[PDB]
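Okay, structure first, notes after.
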Amino acid sequence: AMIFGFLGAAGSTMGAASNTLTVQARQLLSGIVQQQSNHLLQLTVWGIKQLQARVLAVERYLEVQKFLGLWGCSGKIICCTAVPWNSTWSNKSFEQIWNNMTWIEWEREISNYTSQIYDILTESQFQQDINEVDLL
Amino acid sequence: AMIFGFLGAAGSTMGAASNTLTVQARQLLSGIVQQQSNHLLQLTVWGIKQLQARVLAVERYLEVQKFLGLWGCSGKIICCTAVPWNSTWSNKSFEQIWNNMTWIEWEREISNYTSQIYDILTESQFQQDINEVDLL
Amino acid sequence: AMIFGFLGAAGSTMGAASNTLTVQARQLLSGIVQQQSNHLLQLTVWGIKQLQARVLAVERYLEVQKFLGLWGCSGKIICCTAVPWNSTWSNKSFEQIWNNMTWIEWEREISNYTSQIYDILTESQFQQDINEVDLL
Amino acid sequence: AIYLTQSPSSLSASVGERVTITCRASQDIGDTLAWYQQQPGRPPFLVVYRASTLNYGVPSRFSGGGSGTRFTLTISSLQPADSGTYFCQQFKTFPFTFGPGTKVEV
Amino acid sequence: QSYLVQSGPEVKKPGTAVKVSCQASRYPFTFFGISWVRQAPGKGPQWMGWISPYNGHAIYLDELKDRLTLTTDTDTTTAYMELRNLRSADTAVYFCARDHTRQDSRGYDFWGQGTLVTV
Ligand SMILES: *[C@@H]1O[C@H](CO)[C@@H](O[C@@H]2O[C@H](CO)[C@@H](O[C@@H]3O[C@H](CO[C@H]4O[C@H](CO[C@H]5O[C@H](CO)[C@@H](O)[C@H](O)[C@@H]5O)[C@@H](O)[C@H](O[C@H]5O[C@H](CO)[C@@H](O)[C@H](O)[C@@H]5O)[C@@H]4O)[C@@H](O)[C@H](O[C@H]4O[C@H](CO)[C@@H](O)[C@H](O)[C@@H]4O)[C@@H]3O)[C@H](O)[C@H]2NC(C)=O)[C@H](O)[C@H]1NC(C)=O
Ligand SMILES: *[C@@H]1O[C@H](CO)[C@@H](O[C@@H]2O[C@H](CO)[C@@H](O[C@@H]3O[C@H](CO[C@H]4O[C@H](CO[C@H]5O[C@H](CO)[C@@H](O)[C@H](O)[C@@H]5O)[C@@H](O)[C@H](O[C@H]5O[C@H](CO)[C@@H](O)[C@H](O)[C@@H]5O)[C@@H]4O)[C@@H](O)[C@H](O[C@H]4O[C@H](CO)[C@@H](O)[C@H](O)[C@@H]4O)[C@@H]3O)[C@H](O)[C@H]2NC(C)=O)[C@H](O)[C@H]1NC(C)=O
Ligand SMILES: *[C@@H]1O[C@H](CO)[C@@H](O[C@@H]2O[C@H](CO)[C@@H](O[C@@H]3O[C@H](CO[C@H]4O[C@H](CO[C@H]5O[C@H](CO)[C@@H](O)[C@H](O)[C@@H]5O)[C@@H](O)[C@H](O[C@H]5O[C@H](CO)[C@@H](O)[C@H](O)[C@@H]5O)[C@@H]4O)[C@@H](O)[C@H](O[C@H]4O[C@H](CO)[C@@H](O)[C@H](O)[C@@H]4O)[C@@H]3O)[C@H](O)[C@H]2NC(C)=O)[C@H](O)[C@H]1NC(C)=O
Ligand SMILES: *[C@@H]1O[C@H](CO[C@@H]2O[C@@H](C)[C@@H](O)[C@@H](O)[C@@H]2O)[C@@H](O[C@@H]2O[C@H](CO)[C@@H](O[C@@H]3O[C@H](CO[C@H]4O[C@H](CO[C@H]5O[C@H](CO)[C@@H](O)[C@H](O)[C@@H]5O)[C@@H](O)[C@H](O)[C@@H]4O)[C@@H](O)[C@H](O[C@H]4O[C@H](CO)[C@@H](O)[C@H](O)[C@@H]4O)[C@@H]3O)[C@H](O)[C@H]2NC(C)=O)[C@H](O)[C@H]1NC(C)=O
Ligand SMILES: *[C@@H]1O[C@H](CO)[C@@H](O[C@@H]2O[C@H](CO)[C@@H](O)[C@H](O)[C@H]2NC(C)=O)[C@H](O)[C@H]1NC(C)=O
Ligand SMILES: *[C@@H]1O[C@H](CO)[C@@H](O[C@@H]2O[C@H](CO)[C@@H](O)[C@H](O)[C@H]2NC(C)=O)[C@H](O)[C@H]1NC(C)=O
Ligand SMILES: *[C@@H]1O[C@H](CO)[C@@H](O)[C@H](O)[C@H]1NC(C)=O
Ligand SMILES: *[C@@H]1O[C@H](CO)[C@@H](O)[C@H](O)[C@H]1NC(C)=O
Ligand SMILES: *[C@@H]1O[C@H](CO)[C@@H](O)[C@H](O)[C@H]1NC(C)=O
Ligand SMILES: *[C@@H]1O[C@H](CO)[C@@H](O)[C@H](O)[C@H]1NC(C)=O
Ligand SMILES: *[C@@H]1O[C@H](CO)[C@@H](O)[C@H](O)[C@H]1NC(C)=O
Ligand SMILES: *[C@@H]1O[C@H](CO)[C@@H](O)[C@H](O)[C@H]1NC(C)=O
Ligand SMILES: *[C@@H]1O[C@H](CO)[C@@H](O)[C@H](O)[C@H]1NC(C)=O
């Protein structure tokens with residue numbers, strides 16, 4: 001067992017790739033684009049390409065963070081939910097996913113139901129808060 | 001009972017409007033402003049307006065997320081607090097609020113105490129963390 | 001005991017400065033830069049300088065928020081972790097820190113191990129989620 | 001107004017033995033106790049504070065413990081430098097009273 | 001760093017007033033409090049008072065409550081102690097002690113050489 005770099009476990013199965021989640025998560029907002037950049041210096045050809053790279057790097061981070069908040073998974077690497085798995089998105093067993101598939105292969109298999117799953121996840125978290133307000 | 005669109009339950013009382021919170025919350029950062037935009041193309045009259053629109057959308061989203069973090073409500077749609085209600089902000093009973101008022105009317109009624117209430121919520125969350133460090 | 005302003009407790013020891021955390025935390029994203037700004041008005045000399053400030057104010061807020069999320073401390077002022085203190089970063093006792101040091105002096109003392117400590121905290125939160133998936 | 005009483009008055013001692021100094025209290029004091037070593041012609045020197053912690057530069061052979069009302073100061077390997085008298089002080093009441101003091105014979 | 005130095009010995013006749021100054025140098029004067037103790041000859045130290053050189057707040061001992069007053073000076077970083085109505089039993093070595101830390105010291109870090117006064 002050795003530590004990998006960024007996306008070094010893209011080719012490995014899920015069971016082994018999930019042990020390197022902090023490697024990818026740690027590089028989502030921080031980069032050399034936020035440096036000091038060594039005829040307005042910020043209106044030059046690359047004064048603009050850097051500015052739009054900084055805004056791009058932020059929306060990419062907030063896009064993922066928006067969903068984590070709705071689903072109640074803020075501040076977690078691996079978050080468990082209360083949504084049962086529906087055997088129409090995929091009916092593969094444990095060994096056929098975590099020992100035989102890569103994260104890229106799988107996310108393409110369920111690519112048709114991600115939007116449906118996202119809405120279900122958001123609605124499920126809403127019911128937990130509704131069921132808690134009228135319970136305490 | 002039918003699903004509503006964006007702000008479709010603006011005219012209904014709180015008791016019925018609070019069942020559609022995820023409709024408004026799901027549209028706060030994501031929009032068509034982040035498209036590819038089909039003489040520097042990013043400096044044109046409508047290249048600048050798109051840029052600052054992208055930055056406007058982010059600040060509006062982070063302006064709400066800043067408070068949720070301070071009050072300890074990250075990742076929650078409805079978040080319960082430990083701050084007792086003060087019968088000076090409003091003394092209406094349960095039926096006079098959740099069955100007789102819309103969210104617009106109410107937020108206007110307590111508009112004078114929103115800033116005061118915000119400060120209390122942050123102070124309350126701070127005390128919980130203080131009371132936890134010197135308790136474990 | 002009196003309330004302080006922004007950075008008013010920079011010269012006090014930690015035991016007294018830790019009671020004014022919400023004063024500094026409340027001012028990290030909100031400022032007068034987000035006003036309406038009273039020959040494209042957004043390309044003038046100070047139209048650009050304002051836009052860059054708005055993006056800088058957002059990166060600074062998200063830079064700290066990224067670390068809070070990885071460590072499982074989202075939505076908390078003071079967050080307790082499960083990482084034992086290593087007596088190589090600093091071997092000072094309780095009174096030698098919280099009654100004799102300021103936050104500036106201390107953060108300069110462990111400045112060589114902040115990067116190492118950050119990585120450990122992320123790795124610890126990752127183990128908690130791993131240990132929870134295969135426990136429930 | 002807590003009075004500190006410590007015994008014994010004197011300790012016949014030589015090199016290499018467990019010399020123990022006991023400081024009692026007339027009221028609950030807690031861990032807020034300190035030990036001072038005074039050599040002739042010199043001001044008292046703090047050796048142990050909080051009843052457990054060791055001051056800078058003191059040899060590790062020193063030690064202290066106890067809480068509430070009973071406290072001790074033990075030197076495992078008494079050496080020819082641990083001469084002079086010792087005092088115990090309380091650090092929680094309006095006056096921070098000292099103790100009568102004990103002398104070690106070496 | 002830090003070192004407290006007192007004045008020389010004084011031989012004051014009974015009934016007079018004696019002022020002893022403890023000069024602090026080479027460290028932040030206002031950060032650490034100052035205490036005074038007197039070691040009666042052939043006896044153990046006795047605690048008299050504690051003075052904060054930051055806000056001037058002082059603490060005294062009841063027997064010395066009406067006789068003793070402590071004052072602090074900031075610009076030259078000196079601590080003063082005056083005692084009036086000097087009884088014959090007041091002869092003792094007087095020490096000025098710096099607090100261990102900046103808050104809840106519970107210990108004395110640095111002392112002075114002492115000032116033996118005869119009455
Ligand atoms: C690129 O792709 C390739 C192929 O897809 C991929 O290679 C796989 O890599 C994974 C690593 O994650 C391999 O899985 C590991 O295999 C280890 C070796 O297993 C074999 O040997 C076992 C006994 O070895 C012991 O004794 C020998 C001396 O005899 C000694 O040298 C060894 O060091 C070791 O001490 C044997 O038990 C094992 O049998 C297993 O597998 C067979 C067939 O799969 C199965 O039928 C058995 O029931 C049994 O499960 C096999 O013969 C193995 O040690 C290691 O186990 C550790 O990790 C698991 C994780 O769960 C723990 O549970 C376990 O307790 C150990 O800690 C792990 O299983 C896998 O074998 C490779 N596949 C192939 C075909 O080689 C690369 O990783 C990919 N790379 C990238 C970058 O993507
Ligand atoms: C725009 O504004 C208008 C007006 O402000 C607003 O209209 C209100 O809409 C809400 C919907 O959220 C209405 O509230 C619902 O009313 C339903 C009907 O209630 C009446 O009928 C009940 C009996 O009906 C049963 O039997 C008949 C056959 O007889 C059958 O056809 C029905 O389908 C049904 O099976 C009756 O019991 C009820 O009595 C209640 O109200 C009176 C007076 O208000 C009160 O005195 C009683 O004590 C009792 O509370 C009434 O006469 C009702 O079914 C429905 O109940 C469901 O939801 C509640 C939510 O808590 C559950 O608790 C309950 O178990 C059911 O699941 C709900 O109460 C409200 O009546 C409308 N107001 C008016 C004036 O019409 C629009 O919604 C607004 N629109 C927008 C977009 O903003
Ligand atoms: C800038 O720097 C300076 C210096 O670094 C710094 O000044 C320090 O400020 C802190 C404030 O946080 C001070 O700490 C407080 O001290 C208070 C006073 O303590 C003295 O007096 C106590 C008795 O006073 C009572 O009775 C008198 C009448 O006699 C009455 O007027 C008083 O109001 C009060 O009711 C006495 O017990 C106390 O003894 C403590 O300290 C000594 C030596 O330090 C120690 O040996 C003892 O064991 C004991 O711990 C001392 O003599 C004190 O009241 C206050 O206590 C409250 O807060 C603590 C917090 O834990 C609670 O536990 C406690 O129950 C009380 O609620 C607190 O301890 C500190 O003394 C200052 N230091 C100096 C040298 O003056 C500034 O704050 C800095 N400013 C900035 C902006 O950075
Ligand atoms: C609470 O904090 C205070 C203050 O901390 C200090 O200030 C803050 C703002 C930060 O900058 C801190 O980093 C900083 O330390 C603590 O007070 C300090 O306490 C230490 C230990 O008691 C004390 O150092 C001892 O001084 C003794 C007397 O001073 C003589 O020596 C000095 C030496 O100075 C030379 O060396 C320094 C560093 O190398 C140089 O910077 C300097 O320029 C000099 O070249 C000399 O200047 C004096 O004139 C005296 O001659 C001294 O006897 C000790 O030496 C012994 O040290 C160890 C024991 O620790 C032995 O093993 C050795 O063999 C020596 O015999 C120490 O040097 C500081 O001076 C104090 N500072 C102040 C400002 O008061 C306090 O201790 C803390 N309390 C706690 C932790 O409970
Ligand atoms: C996911 O949805 C796509 C689009 O509906 C499916 O692709 C279709 O597959 C059928 C099966 O033969 C073809 O006739 C269609 O022409 C395909 N559509 C397109 C746009 O190519 C796909 O099969 C679904 N399943 C998966 C796993 O992707
Ligand atoms: C933190 O790391 C720095 C860098 O290694 C240390 O600074 C060095 O200290 C040694 C000690 O004499 C010097 O020889 C080097 O020249 C210093 N390096 C630099 C770049 O100045 C420092 O001591 C470490 N510890 C702390 C508390 O900062
Ligand atoms: C699973 O999803 C399909 C749509 O993809 C839906 O028709 C079906 O009802 C779902 N299963 C369950 C048990 O809800
Ligand atoms: C799983 O789903 C596939 C649909 O692609 C189907 O062909 C297969 O028979 C299913 N297996 C089981 C065990 O239901
Ligand atoms: C309620 O708010 C008012 C000011 O809005 C305040 O004066 C009052 O003390 C508050 N009530 C309580 C119980 O603190
Ligand atoms: C509620 O507050 C209003 C003030 O707007 C007052 O007129 C009314 O009497 C109050 N009612 C009760 C029940 O306290
Ligand atoms: C709020 O404050 C304004 C200005 O002080 C006052 O006129 C008004 O009556 C208050 N109450 C409401 C509900 O606006
Ligand atoms: C403490 O940190 C050092 C490196 O800074 C490391 O070598 C050591 O193993 C750590 N302590 C423990 C108990 O792991
Ligand atoms: C603490 O670490 C320092 C290293 O700077 C060392 O000099 C000192 O002896 C250590 N103290 C203890 C009690 O381990």
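To be explicit about the labels: the chains of the structure tokens are called A, B, and onward in the order shown, and within each one the residues are counted from 1, while ligands get numbers from 1 in the order they are shown.
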>> as an MDAnalysis selection string, please: every residue in stretch 46-75 of chain D that a backbone DSSP assignment puts in strand (DSSP E).
In response: chainID D and resid 46:49 53:54 62:67 70:75
Identify, counting only C-alpha atoms and all ligand atoms, the protein, DNA and RNA residues located within 9 Å of ligand 12, and give them as a PDB file with N, CA, C and O atoms, in the first residue's frame.
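Dumped to result_18.pdb:
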```pdb
ATOM      1  N   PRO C  84      -4.549  13.325  18.545  1.00  0.00           N
ATOM      2  CA  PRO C  84      -3.792  13.636  19.762  1.00  0.00           C
ATOM      3  C   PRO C  84      -2.722  14.676  19.484  1.00  0.00           C
ATOM      4  O   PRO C  84      -2.126  14.708  18.407  1.00  0.00           O
ATOM      5  N   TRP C  85      -2.477  15.534  20.469  1.00  0.00           N
ATOM      6  CA  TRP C  85      -1.410  16.513  20.339  1.00  0.00           C
ATOM      7  C   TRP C  85      -0.061  15.813  20.408  1.00  0.00           C
ATOM      8  O   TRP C  85       0.164  14.957  21.266  1.00  0.00           O
ATOM      9  N   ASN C  86       0.830  16.180  19.499  1.00  0.00           N
ATOM     10  CA  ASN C  86       2.159  15.595  19.405  1.00  0.00           C
ATOM     11  C   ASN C  86       3.140  16.533  20.091  1.00  0.00           C
ATOM     12  O   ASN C  86       3.242  17.705  19.717  1.00  0.00           O
ATOM     13  N   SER C  87       3.863  16.025  21.087  1.00  0.00           N
ATOM     14  CA  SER C  87       4.741  16.884  21.874  1.00  0.00           C
ATOM     15  C   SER C  87       6.060  17.120  21.154  1.00  0.00           C
ATOM     16  O   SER C  87       7.133  17.015  21.753  1.00  0.00           O
ATOM     17  N   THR C  88       5.981  17.454  19.872  1.00  0.00           N
ATOM     18  CA  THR C  88       7.132  17.887  19.095  1.00  0.00           C
ATOM     19  C   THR C  88       6.776  19.203  18.424  1.00  0.00           C
ATOM     20  O   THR C  88       7.647  20.037  18.161  1.00  0.00           O
ATOM     21  N   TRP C  89       5.487  19.384  18.135  1.00  0.00           N
ATOM     22  CA  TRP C  89       5.004  20.680  17.681  1.00  0.00           C
ATOM     23  C   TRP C  89       5.156  21.724  18.777  1.00  0.00           C
ATOM     24  O   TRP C  89       5.587  22.853  18.517  1.00  0.00           O
ATOM     25  N   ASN C 112       6.023  25.974  11.770  1.00  0.00           N
ATOM     26  CA  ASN C 112       6.707  24.948  10.996  1.00  0.00           C
ATOM     27  C   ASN C 112       5.889  23.674  10.850  1.00  0.00           C
ATOM     28  O   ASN C 112       6.162  22.883   9.943  1.00  0.00           O
ATOM     29  N   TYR C 113       4.899  23.455  11.715  1.00  0.00           N
ATOM     30  CA  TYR C 113       4.111  22.228  11.704  1.00  0.00           C
ATOM     31  C   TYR C 113       2.652  22.463  11.346  1.00  0.00           C
ATOM     32  O   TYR C 113       1.842  21.537  11.470  1.00  0.00           O
ATOM     33  N   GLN C 116       1.890  20.208   8.346  1.00  0.00           N
ATOM     34  CA  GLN C 116       1.777  18.818   8.772  1.00  0.00           C
ATOM     35  C   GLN C 116       0.497  18.588   9.562  1.00  0.00           C
ATOM     36  O   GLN C 116      -0.164  17.558   9.396  1.00  0.00           O
TER      37      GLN C 116
END
```
>> Using only C-alpha atoms and a cut-off of 10 Å, which residues of chain B sit close to chain C? Please list them as a ChimeraX atom specification.
In response: /B:43,45,48-49,52,55-56,58-59,62-63,65-75,119,122-123,125-130,132-133,136
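Neighbours of ligand 6 at a cut-off of 8 Å, computed so that only C-alpha atoms and all ligand atoms are counted, are the residues residues 108, 109, 110, 111 and 112 of chain C.
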>> Show me which residues are within 8 Å of ligand 2 counting only C-alpha atoms and all ligand atoms, and format the list as a VMD selection string.
In response: chain B and resid 1 8 to 13 15 to 17
Export of prior selection with N, CA and C atoms as a short mmCIF file (atom, residue, chain, number, x, y, z; two decimals), in the first residue's frame:
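Output contents, as saved in out_3.cif:
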```
data_model
loop_
_atom_site.label_atom_id
_atom_site.label_comp_id
_atom_site.auth_asym_id
_atom_site.auth_seq_id
_atom_site.Cartn_x
_atom_site.Cartn_y
_atom_site.Cartn_z
N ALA B 1 -52.61 18.21 -2.96
CA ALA B 1 -51.22 18.66 -2.88
C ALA B 1 -50.52 18.48 -4.22
N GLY B 8 -43.70 29.67 -6.39
CA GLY B 8 -45.12 29.44 -6.61
C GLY B 8 -45.95 29.51 -5.35
N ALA B 9 -45.33 29.32 -4.18
CA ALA B 9 -46.02 29.37 -2.90
C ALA B 9 -45.69 30.65 -2.14
N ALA B 10 -45.53 31.76 -2.87
CA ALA B 10 -45.25 33.03 -2.22
C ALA B 10 -46.49 33.61 -1.57
N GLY B 11 -47.67 33.30 -2.10
CA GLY B 11 -48.91 33.84 -1.58
C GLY B 11 -49.63 32.97 -0.59
N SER B 12 -49.13 31.77 -0.32
CA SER B 12 -49.75 30.87 0.64
C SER B 12 -49.17 31.09 2.03
N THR B 13 -49.95 30.71 3.04
CA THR B 13 -49.52 30.87 4.42
C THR B 13 -48.24 30.06 4.67
N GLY B 15 -47.68 27.68 6.92
CA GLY B 15 -47.91 26.26 7.11
C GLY B 15 -47.90 25.47 5.82
N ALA B 16 -48.33 26.09 4.72
CA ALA B 16 -48.31 25.45 3.41
C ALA B 16 -47.10 25.82 2.58
N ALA B 17 -46.51 26.99 2.81
CA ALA B 17 -45.34 27.40 2.05
C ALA B 17 -44.08 26.67 2.49
#
```
>> Please determine, counting only C-alpha atoms, which residue among C:35, C:24, C:82, C:95 has the shortest atom-to-atom distance to chain D.
In response: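 Going through C:35, C:24, C:82, C:95 one by one, the smallest distance to chain D is for C:95.
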> Pick from D:60, D:37, D:12, D:102: nearest to ligand 13, with only C-alpha atoms and all ligand atoms counted?
Replying inline: D:60
Write out as a PDB file with C-alpha atoms, in the first residue's frame each polymer residue whose atoms come within 8 Å of residue D:18, counting only C-alpha atoms; drop sequence neighbours fewer than 5 positions from it.
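Okay, this is what ended up in around05.pdb:
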```pdb
ATOM      1  CA  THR D  74      10.272  14.342  47.190  1.00  0.00           C
ATOM      2  CA  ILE D  75      13.885  14.286  45.997  1.00  0.00           C
ATOM      3  CA  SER D  76      14.914  10.836  44.803  1.00  0.00           C
ATOM      4  CA  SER D  77      18.689  11.301  44.572  1.00  0.00           C
ATOM      5  CA  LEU D  78      19.498  14.061  47.088  1.00  0.00           C
TER       6      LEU D  78
END
```
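Note that atom CA of residue D:84 and atom CA of residue D:103 are 6.0 Å apart.
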>> Any residue with an atom at most 7 Å from ligand 13 counts, using only C-alpha atoms and all ligand atoms. Which are they? Put them as a list in words.
In response: residues 90, 91 and 92 of chain C
